[PDB]
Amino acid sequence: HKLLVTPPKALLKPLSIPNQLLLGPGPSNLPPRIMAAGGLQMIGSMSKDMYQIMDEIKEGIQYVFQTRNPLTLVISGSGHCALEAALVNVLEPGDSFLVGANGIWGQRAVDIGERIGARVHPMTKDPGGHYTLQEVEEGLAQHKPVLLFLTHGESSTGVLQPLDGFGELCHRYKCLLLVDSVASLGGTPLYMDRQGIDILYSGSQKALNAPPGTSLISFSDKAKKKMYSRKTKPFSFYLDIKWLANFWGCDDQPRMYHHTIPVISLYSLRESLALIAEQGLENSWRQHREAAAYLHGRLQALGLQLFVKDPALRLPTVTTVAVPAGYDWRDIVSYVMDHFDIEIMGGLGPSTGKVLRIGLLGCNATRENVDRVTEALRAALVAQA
């Protein structure tokens, strides 16, 4: 008859959150305008006003990606979900899939690729490494892939992968180019159409300063053709691009219900795109470049060594710092939080144990935050020694 479970006592207490200055690889703190959007009332998930907001967002993604691609929309899930959406739609079982495995993101692309039946060909590199035109051309020639995955901003290694020329190279081998720009978008130069990128995705919670939970994606016509001529439906319904394209107003059919979009998250994402449209892409790139240069100079002043030696290969948004020999990286991370309420991170995937990671993301990429994190790091290094 009765009730097994009683009302949880923890839930009868008010929600409270600590104040944390998030200076790791993401998510980032939210500016007032984004927080305000997140506190708004609901509207209809298929209403004319919702559709107008979705249209503005689409124009915003096209601006930040620098693309005129009609097939451009928001994925209702985190950065992983956008990657998975690209892969389950583009790749059919048996398809040759070339992957830049130079950190955790390439490792994740390999995993998803394998799960959906692709024949995966990793080009494996030690963390800190990047791919040359010559290396990719070799992979293209040897493996004849339908798709190449490359990470633009390798947030696990602090590496900025050059993108010029890779798209045209892929196209000469009849291969599509997929680029992960979750950590790079808004913080470094990126020009989707100019660079011949076929699939580009990013996430909301990095330099955009929106809450985590949504991601951005765009597909060239070459990519669309592959996704719309499959012999088999994608393994996913939730991420089926034909349904999503339709609902996001990317085709000539009336929008049909697919899934309920995250209405409130889209308010916030809209405002994040408004903030960078107001700032200007190039102005944002300059902000991050300068903030990163300031950070690097101060880190080296403390006698720390940047994990990526070539300044031209350093990702401005996420800086990897080699962990000083004899020092405990966990205790540095703990000290920084316990005494300054600042979050930084260690490594991720192959960079685990090797590095500290410091993020400079959007409105949080400031000289003041650089001073705050370097003051924290200094105190942690001293208490240790």
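A residue's number is simply how far along the shown sequence it sits, counting from 1.
Look at the C-alpha B-factors of 259-267 and of 226-234. On average they run higher in 226-234. Mean CA B-factor, 186-194 versus 213-221: the higher value falls on 186-194. Each of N102, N246, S204, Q305 has a CA temperature factor in the record; the biggest one is found at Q305. Comparing C-alpha B-factors across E154, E135, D111, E92 in the deposited entry, the largest value falls on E135. When the CA B factors of the chain's modelled residues are split into thirds, the value for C170 lands in the highest one.
Split the chain's modelled residues into thirds by C-alpha temperature factor. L147 is in the middle one.
For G26, the recorded CA temperature factor ranks within the highest third of the chain's modelled residues. Ranked by C-alpha B-factor against the other modelled residues of its chain, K48 falls in the lowest third.
Among the modelled residues of its chain, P32 has a C-alpha B-factor that falls in the middle third according to the deposited record.
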